[PDB]
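First the proteins, then the strands, lettered A, B, ... as listed; each starts at 1. These numbers come from the heavy atoms of this one structure, side chains and all, not from hydrogens, waters or symmetry mates.
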Amino acid sequence: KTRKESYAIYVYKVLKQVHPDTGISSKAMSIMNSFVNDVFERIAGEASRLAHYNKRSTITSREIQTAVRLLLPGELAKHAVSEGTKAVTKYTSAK
Amino acid sequence: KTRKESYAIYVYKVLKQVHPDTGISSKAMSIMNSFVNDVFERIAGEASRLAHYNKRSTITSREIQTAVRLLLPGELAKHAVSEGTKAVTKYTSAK
Amino acid sequence: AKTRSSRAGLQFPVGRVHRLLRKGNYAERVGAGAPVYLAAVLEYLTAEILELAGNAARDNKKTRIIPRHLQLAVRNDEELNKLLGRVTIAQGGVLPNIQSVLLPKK
Amino acid sequence: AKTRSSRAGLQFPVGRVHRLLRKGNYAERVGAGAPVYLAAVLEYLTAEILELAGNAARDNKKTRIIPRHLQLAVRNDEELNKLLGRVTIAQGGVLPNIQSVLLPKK
Amino acid sequence: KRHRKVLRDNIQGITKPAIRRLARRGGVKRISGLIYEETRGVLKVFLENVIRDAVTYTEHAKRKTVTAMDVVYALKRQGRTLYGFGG
Amino acid sequence: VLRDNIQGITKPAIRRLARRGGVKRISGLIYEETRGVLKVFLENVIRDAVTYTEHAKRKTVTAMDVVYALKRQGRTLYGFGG
Amino acid sequence: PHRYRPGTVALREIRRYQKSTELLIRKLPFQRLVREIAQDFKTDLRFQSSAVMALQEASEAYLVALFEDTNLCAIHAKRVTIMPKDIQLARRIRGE
Amino acid sequence: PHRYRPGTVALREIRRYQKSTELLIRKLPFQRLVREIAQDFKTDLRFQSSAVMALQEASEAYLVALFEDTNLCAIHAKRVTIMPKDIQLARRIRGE
DNA sequence: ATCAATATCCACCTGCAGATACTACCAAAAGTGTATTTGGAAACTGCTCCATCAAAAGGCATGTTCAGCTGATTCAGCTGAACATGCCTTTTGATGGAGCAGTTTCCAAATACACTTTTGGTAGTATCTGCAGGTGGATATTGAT
DNA sequence: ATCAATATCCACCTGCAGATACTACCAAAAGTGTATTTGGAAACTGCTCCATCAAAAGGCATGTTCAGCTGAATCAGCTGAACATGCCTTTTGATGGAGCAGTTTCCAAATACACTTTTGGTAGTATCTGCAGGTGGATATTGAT
Ligand SMILES: [Mg+2]
């Protein structure tokens, strides 16, 4: 009865953080789900190519970060990089 | 020092099959090389996607063929498929 | 047993993102930081688009975001619009916009 | 020892192509025919262009093919042109073409 | 078992009214009377390309049924990415 | 004669580009529009090539940095590698 | 018997259709067109309904955008009336 | 005392440059523009001699093709003189 | 018309940049053979959802009428094309040294794996609520006069 | 200006499908804690080829002049918008089964070393030639008359 995965519960968490009294339709969620898969693939792709280009075989946060600078426009990139740098910093601090 | 690979010799060989008395400049060869890599990446890329869509771990000649169909315009696709199906045959029918 | 998401401060699921990176065949190996960073980026972005969609929801006296609110949000934001410039949001409509000369009289 | 190219009837390097596919992270695995097929496909396309570029050299009193010939070849063929519709051949210029309304009165 | 009716000329189900609605959503005030056939022709080309590619995916997977993913993937190749249907 | 760099792209050379593009007559405001446009093209592409440079930890922008940038901007160029 | 002048209903319709998001081609006719064209590529094909809906959403968005561009080509020509030449110039410039 | 008519040289130039492929911008002023621009994203920067060439081939291919579309936009407006609005329209339609 | 200025052509000549050809050499592929692993076609069949087919429901086709838009015609002015006459920038080549690319080391971070815990999805039965479509009532916009 | 036909507004009002809410259940995901491998950083280094600059090379800046284009204004013919009318197709909701997708079986084909062979790239040399860039001289093209 095979199980279909989606980012819905995460999307919903985050919805609540920014607009606590606001809901989302299932059609509007399918879209948010498209959106996340989409950007995932694009960034992962950019990083894929980027590693190959530099004969690296490992995709790290450094490759993600660049992929982000390449893919996103100015302000979104700057903010996205903060959040990525700081999530990593913080995750590394569990050690 | 490092071995800088190209398809240049294999291109030159085909030039002489097709135009035995015609030769080619360096720049022109570089463009031909670009071209072969490009088409390579495009086809392989499309094959990768296909396999992923159907939850397969292997890129076979079927994936390359569908890839070809998807990438090339009509007539070109047609001759390319025949040339591919052919070369696979000679190869199996050959110890 | 801490999740990696908690460890990194994230709502979005790092374990999953790691998994999905491995199975996508983007590279032989996948660094430990990668899915953390990527999950953060993805979380950031969904937060941006919900902020803005939430507002259009509110601007239209509604409480539940539908795809029109996403389309309003995306298209009225220079940068999201560009990021999503070759993308279609089903059931989004278009921005109201009438070219000047088309309007009546002077 | 017989090469797979020679087994397949081909001038283009089946082994290389195989290697390139493994190291491209296109998929976990690679079947045996795929390199053969792909290699035949690239040989074929290569030939189609050199045929037409060769002709283009002839048509200009030339025995050496240069970028210019590859460009005339490609942009004068509906199919190659489409395949290459988003590609720029360095040092190829453009096709002689002038919009008819720009001609003088005759 | 018993035989699916013939399909012809369905392009004309894209009515003058419905095209005019599309034009409106697209901000258009006045419409030359030759637009309706032109539009029909341009739509037909759009669909043949998306469908060719979709059906290629269908067959590649040895199915008889064209799925929403087949179309979504074909749209992506064509650079007309669509959200809402399995993206 | 301290001159701006964009202006180094001169009226006659713009005029020759247009000619290759089949253009017969050219309005005087073109040369400035045309420089504006080329600046945008180059910002967009150089940004990405450089970003490739920085990634590889180089001080030198390679042809590959450029070719790769061109490629992802949809402007695949043939003849300089890759 | 009142009469709106030419253009006035048109502007009304523009405001209306730009505010809504419902599909504008009738569903069943569109579905037939899909089946007809698919059948010409291959026979004994079936479709998920959401596949047809996907095609319609994609098709309608493409055309609406095409008319925006088309409208801009008419206006460039100092007209207010879209003509085939406008659609064709759009499609030439777009790369189609 | 002999003078070519306005447009006659334009044509001769059109034919001459369509025949050829040499680049049409002086290499040096180009080189400075590039480096000027690149400076805003990183300082103390060298460039392979081929890297700059790639960039010039691309820019010229781009601008030449933009001029074709631009020209089509002028002709569309029943003109023969390219104007800034013609370039703007072409860029708008291309999606820039 | 003719007539002359200038562009364009075709034939022939040549020097050397760019291409072919050499060989040697040698590392790193590509081929081979053996041992091991696993992906995915096949056979079988549970179960979704597609094609198909009546009961409800609002959009389409056509002809008539005329408002106003397009496109043809005219015309004056200003704006680019052409070209002379100076100005000065770019291109070409030579020559140190910055940095890129080669290479080797060794360890922090990777994959591998087994085993234990947690989670996110689904299913089933639950009751919960935003807003669309309806209502009516006050106001706005349009177009004739 | 005024009047009046009709769209537009907005506000609140009822029904219900779509959302939310819940407990029960589990497979697969994800975390944890070992054993084992290595990718790529670090640090030193040789050698391009890049920035620099001085000598040689020709293109671009300017101003004057006027041909011919753009755009304004005027007009008529005619195309396309609006609307009234009559006819029926699309939308929507309920069953029977075609095909897709979830199992399990298993072998033909894939990976994984290790091992032998070869070929494609580079470097050192030498060797060669297609054709760009002069040439002259004939003829076409353009533009004035
Ligand atoms: Mg048919």
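- An OP1 or OP2 oxygen of I/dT79 is reached within less than 4.0 angstrom by no side-chain nitrogen or oxygen of H/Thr81.
- No more than 12 heavy atoms of other residues, nucleotides or ligands sit less than 6.0 Å from atom CD of D/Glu28.
- The side chain of F/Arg25 approaches I/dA81 more closely than any other nucleotide in the set J/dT111, I/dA82, I/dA81.
- Between J/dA28 and C/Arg16, no contact under 4.0 Å exists linking OP1 or OP2 to a side-chain N or O.
- Contact between the side-chain N/O atoms of F/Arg16 and the OP1/OP2 oxygens of J/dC60 is found at a separation under 4.0 Å.
- For the pair I/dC88 and I/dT89, the rule of 5.5 Å between ring centres and 30° between base planes classifies them as not stacked.
- D/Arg68 places its CZ atom 19 Å from the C1' atom of J/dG130, with the value rounded to the nearest Å.
- Residue A/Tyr10 places at least one side-chain N or O under 4.0 Å from the OP1 or OP2 atom of I/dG120.
- We find that OH of E/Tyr36 is positioned 14 Å from P of J/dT79, with the value rounded to whole Å.
- Applying the salt bridge (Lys or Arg N to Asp or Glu O under 4.0 Å) test to pairs two or more places apart or on separate chains, those with a residue in residues 21-30 of chain H are F/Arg20-H/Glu22.
- At the phosphate of J/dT141, neither OP1 nor OP2 sits under 4.0 Å from any side-chain N or O atom of H/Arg15.
- Within the 4.0 angstrom heavy-atom criterion, no nucleotide atom of any strand lies near A/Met29.
- Heavy-atom distances under 4.0 Å link DNA chain J to G/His2, G/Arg3, G/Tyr4, G/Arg5, G/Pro6, G/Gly7, G/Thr8 of residues 1-8 of chain G, given in residue order.
- Counting all heavy atoms, side chain and backbone alike, C/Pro35 lies closest to C/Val30 at CD-CG1, 4.3 Å.
- With H/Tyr4 as the aromatic partner, H/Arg12 meets the cation-pi criteria of under 6.0 angstrom to the ring centre and within 45 degrees of the ring axis.
- OP1 or OP2 of I/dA41 has at least one side-chain nitrogen or oxygen of B/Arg56 nearer than 4.0 Å.
- In this structure, the NZ atom of B/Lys55 is 14 Å from the P atom of J/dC100, given to the nearest Å.
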Give each protein N/O atom lying under 3.5 Å from an N/O atom of nucleotides 49-52 of chain I, with the pair distance.
{"from": "I/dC50", "atom 1": "OP2", "to": "G/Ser49", "atom 2": "N", "distance (Å)": "3.1"}
{"from": "I/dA51", "atom 1": "OP1", "to": "G/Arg35", "atom 2": "NH1", "distance (Å)": "3.0"}
{"from": "I/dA51", "atom 1": "OP1", "to": "G/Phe47", "atom 2": "N", "distance (Å)": "2.9"}
{"from": "I/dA51", "atom 1": "OP2", "to": "G/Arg35", "atom 2": "NH2", "distance (Å)": "3.4"}

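- A sub-4.0 Å separation between OP1 or OP2 of J/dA81 and a side-chain N or O of E/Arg20 is present.
- A salt bridge is absent between B/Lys16 and B/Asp21: the closest approach of a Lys/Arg side-chain nitrogen to an acidic carboxylate oxygen does not fall below 4.0 angstrom.
- Between I/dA81 and J/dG143, the distance separating the two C1' atoms is 16 Å to the nearest Å.
- Salt bridge status for G/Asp44 with E/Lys64: absent, with no side-chain N to carboxylate O gap under 4.0 Å.
- Where B/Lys13 and C/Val17 meet DNA chain J, the nucleotide closest to each residue was compared, and C/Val17 sits on the side nearer the 5' end.
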Please set out all donor-acceptor pairs under 3.5 angstrom arising from side-chain atoms of residues 2-12 of chain A, sequence neighbours excluded.
{"from": "A/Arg3", "atom 1": "NH1", "to": "A/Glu5", "atom 2": "OE2", "distance (Å)": "3.3"}
{"from": "A/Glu5", "atom 1": "OE1", "to": "C/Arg19", "atom 2": "NH2", "distance (Å)": "2.4"}
{"from": "A/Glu5", "atom 1": "OE2", "to": "C/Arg19", "atom 2": "NH1", "distance (Å)": "2.9"}
{"from": "A/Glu5", "atom 1": "OE2", "to": "C/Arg19", "atom 2": "NH2", "distance (Å)": "2.7"}
{"from": "A/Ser6", "atom 1": "OG", "to": "A/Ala8", "atom 2": "N", "distance (Å)": "3.1"}

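- Annotated stems with DNA chain I as a participant read I:1-8 with J:138-145, I:10-21 with J:125-136, I:27-41 with J:105-119, I:46-84 with J:62-100, I:86-90 with J:56-60, I:92-101 with J:45-54, I:104-114 with J:32-42, I:116-118 with J:28-30, I:128-142 with J:4-18, given as range with range, by first number; only runs of 3 or more Watson-Crick or G-U pairs under 3.5 Å qualify.
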Show the distances under 3.5 angstrom between N or O atoms of the protein and N or O atoms of nucleotides 18-25 of chain J.
{"from": "J/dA19", "atom 1": "OP1", "to": "A/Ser26", "atom 2": "N", "distance (Å)": "3.0"}
{"from": "J/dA19", "atom 1": "OP1", "to": "A/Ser26", "atom 2": "OG", "distance (Å)": "3.0"}
{"from": "J/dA19", "atom 1": "OP2", "to": "A/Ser26", "atom 2": "OG", "distance (Å)": "2.7"}

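- Between H/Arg79 and C/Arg7, the one whose closest nucleotide on DNA chain J sits nearer the 5' end is C/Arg7.
- Within the nucleic acid shown, F/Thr62 has no heavy atom closer than 4.0 Å to any nucleic acid atom.
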